[PDB]
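A short write-up of the structure that comes next.
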Amino acid sequence: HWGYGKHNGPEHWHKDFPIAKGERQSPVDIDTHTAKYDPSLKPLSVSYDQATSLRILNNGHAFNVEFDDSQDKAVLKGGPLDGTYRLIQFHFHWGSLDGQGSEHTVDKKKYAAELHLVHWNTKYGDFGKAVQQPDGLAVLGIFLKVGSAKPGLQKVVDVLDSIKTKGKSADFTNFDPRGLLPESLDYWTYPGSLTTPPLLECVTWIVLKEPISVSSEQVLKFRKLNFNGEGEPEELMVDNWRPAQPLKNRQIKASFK
Ligand SMILES: [N]S(=O)(=O)[C][C][C][C][C][C]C123[B@@]45[B@]67[B@]89[C@@]1%10B81%11B698B746B814B562B%10%1143
Ligand SMILES: [Zn+2]
C-alpha cells in the first residue's frame with residue numbers, strides 16, 4: 001500500500017492513483033514574487049470558539065485530531081471561499097530533521113513541519129460527498145519552524161506516547177485549535193488537491209504566511225511516532241510529506257500587499 005518509503009512513496013503513487021499527475025495537484029512551491037495581491041480577497045473568518053475535539057488517531061501516515069462535525073461548530077469562511085466549511089480534523093506533516101517536513105514551500109524554503117486544518121463545504125452534506133467536488137474542501141495550512149515552544153501544542157505532544165503505532169487512538173476532548181494559529185491571517189490561496197491518496201482535486205488551499213514556532217522538544221516527540229502497527233518492525237514516522245508538484249495552469253493569489 002502507499003506510504004512514504006523508497007518503494008511506496010510519492011513517486012510511486014501515480015500507479016494506484018493516476019490523478020497524481022493531474023492538473024491541480026498539491027502541494028506546490030509558492031513563489032512569493034509571482035503570487036499576485038488580489039484586493040478582492042476577503043479576510044479569512046476562522047470561527048473555532050465552539051470547536052469540539054473528540055479523539056486523536058494514528059492512521060499509519062500521520063495523526064489526526066478529529067472533531068465533531070455533526071453541526072456548524074468550528075467553521076472557516078470568507079477569504080477566497082463561498083459558503084461555510086466545517087472543521088473535520090487536523091494533522092501535520094514533518095521531517096526527520098528541521099530542514100525539511102513541510103509540503104508547501106515558500107521560494108523553495110522548506111519548513112520543519114506543516115499543519116493542515118481540513119474543512120468540508122456544508123453544501124455537500126458530508127465529507128465523502130464533498131471530496132468529489134472541485135470546491136468541496138478548504139484546507140488551512142500553517143508552517144511550523146523550530147524555536148520557542150508553542151504552548152497550545154503541548155496537549156497534543158503529551159498524548160502521542162499513547163498512540164505510538166498505527167491504529168491506536170485516544171480520547172482527545174476539549175482541545176482548542178485556536179492555540180495553533182499565528183497572529184496574522186495573511187494568506188496565499190490556490191486550487192489544488194489532497195496531498196495524500198486518493199489525491200482528489202477538491203481543495204481550496206489557504207496557506208498562512210506567518211509560521212508558528214514550536215520547540216525542538218515538541219517536534220522530537222512527533223518523530224517518535226511509528227508508521228508501523230504494534231509489535232511490527234519499528235519504522236519511525238518521519239518525512240511524511242509529499243514534495244512540491246507542478247503548478248501547471250494555476251495562479252497563486254496573495255491576500256496581502
Ligand atoms: N494532507 S491534506 O490536508 O491535503 C489531506 C487531508 C484530507 C482527508 C482526506 C482523505 C480521505 B479518507 B476517507 B474520505 C477521503 B475519501 B475516503 B478515505 B478517501 B480518503 B479520501
Ligand atoms: Zn495534510
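Chains: A, B, ... in order of the C-alpha cells. Residues: from 1 per chain. Ligands: from 1, in order shown.
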
### Query
Using only C-alpha atoms, which residues sit within 10 Å of stretch 128-137 of chain A once same-chain residues fewer than 4 positions away are excluded, as a ChimeraX atom specification?
/A:81-82,85-87,118-124,191-194,198-205

Produce a table with one row for each residue of chain A that has an atom at most 7 Å from any atom of ligand 2, each row naming the nearest atom pair and its distance in Å at one decimal; use only C-alpha atoms and all ligand atoms; arrange rows by chain and rising residue number; format as JSON lines.
```
{"residue": "A:91", "atom": "CA", "partner": "ligand 2", "partner_atom_place_in_ligand_line": "1 (Zn)", "distance": 6.2}
{"residue": "A:92", "atom": "CA", "partner": "ligand 2", "partner_atom_place_in_ligand_line": "1 (Zn)", "distance": 6.0}
{"residue": "A:93", "atom": "CA", "partner": "ligand 2", "partner_atom_place_in_ligand_line": "1 (Zn)", "distance": 6.3}
{"residue": "A:115", "atom": "CA", "partner": "ligand 2", "partner_atom_place_in_ligand_line": "1 (Zn)", "distance": 7.0}
{"residue": "A:116", "atom": "CA", "partner": "ligand 2", "partner_atom_place_in_ligand_line": "1 (Zn)", "distance": 5.0}
{"residue": "A:195", "atom": "CA", "partner": "ligand 2", "partner_atom_place_in_ligand_line": "1 (Zn)", "distance": 5.9}
```

### Task
Could you tell me how far atom CA of residue A:196 lies from atom CA of residue A:105, in Å and to one decimal?
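Spanning atom CA of residue A:196 to atom CA of residue A:105 is a straight-line distance of 16.7 Å.
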
### Task
Identify which of the residues A:61, A:24, A:187, A:213 lies closest to residue A:5, counting only C-alpha atoms when measuring atom-to-atom distances.
A:61

### Query
Got a sec: who's within 12 Å of residue A:104, counting only C-alpha atoms, leaving out chain neighbours fewer than 2 positions off, as a PyMOL selection string?
chain A and resi 25-31+93-94+100-102+106-116+140-144+188-190+192+195+205-209+241-247

### Message
I'd like the interatomic distance between atom 5 (C, counted along the ligand's line) of ligand 1 and atom CA of residue A:167, to a tenth of an Å.
### Response
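Interatomic distance here is 17.7 Å.
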
### Message
If we count only C-alpha atoms and set the cut-off at 8 Å, which residues sit around residue A:147, ignoring sequence neighbours fewer than 5 positions away in its own chain? Please answer as JSON, numbers by chain.
### Response
{"A": [213, 214, 215, 216]}
